[PDB]
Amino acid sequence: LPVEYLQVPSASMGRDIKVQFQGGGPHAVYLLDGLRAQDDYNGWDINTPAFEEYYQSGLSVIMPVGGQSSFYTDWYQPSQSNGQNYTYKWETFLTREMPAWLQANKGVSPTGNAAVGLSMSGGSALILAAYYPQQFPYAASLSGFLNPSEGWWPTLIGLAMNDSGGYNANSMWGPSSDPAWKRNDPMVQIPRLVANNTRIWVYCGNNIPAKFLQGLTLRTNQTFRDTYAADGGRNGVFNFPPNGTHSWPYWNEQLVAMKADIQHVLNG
């Protein structure tokens, strides 16, 4: 019932990962952070009443802390030019290390949870559900990058990572020809989301190099929707309100709006 700050060892990253945690039930909502995930608090707790909004929801809430520009993925190597001295292994942490710890210590089930991501982690949430459907029957992407391997996206993602911490996308998924780019591309993995009957919730809202990027993000999100439908997808909620914005107030509004949806999927 009270909010806790936990030190959860990551063998794969060789350090302790801080996790903000609120109990409330055996199944949990994993709230993933944006591109500039900080090392002190998860952006959901900094900017929104997420914990309060899900208090007595019958769901636990998990906010991992850290991982700027990590895309919550397992990297090939430490990011070279910014002096990172370990390899990001956030997929291993989120799918093995952390749920094991939460199961042993708190009784949180490793299966039957929801992954909710925004910006950077919007794609991550869908990828986690794509490859770990037992752990995540539910996944939400708010203003996510849903076709990272395609067109200009590897270039833009590389620039974004440089402009947030000096991280280098080549250390993460290799050059854009590397199979890791398509492996971690939600668009490309839509057949998995359909085959798994994943419940997905996709949101996207709407100085001129930003006009381009804002437009590209929404249009890519629209192609994702169409392709999901075309591939036989029938378990999706697609929210593209024209006045929607790419900001914590609307991301929080989406988190609130999906609560009933998550409750019915995870606890129904």
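One rule holds for the numbers: they count along the sequence shown, beginning at 1.
Counting the deposited residues that fall between residue 206 and residue 207 and carry no coordinates gives a value of 4 to 9. As recorded in the PDB entry, 215 to 223 is the stretch of 231 to 239 and 215 to 223 with the greater mean C-alpha temperature factor.
Averaged over Cα atoms, the B-factor as recorded in the entry is higher for 78 to 86 than for the other of 118 to 126 and 78 to 86. Remark: residue 187 belongs to the middle third of its chain, ranked by C-alpha B-factor as recorded. Among the modelled residues of its chain, residue 71 has a C-alpha B-factor that falls in the lowest third, as given in the PDB entry.
Placement of the Cα temperature factor of residue 93 within the chain: lowest third of the modelled residues, per the deposited record. In the deposited entry, the Cα temperature factor of residue 103 sits in the middle third of values across the chain's modelled residues.
When the modelled residues of the chain are ordered by C-alpha B-factor, residue 197 sits in the highest third.
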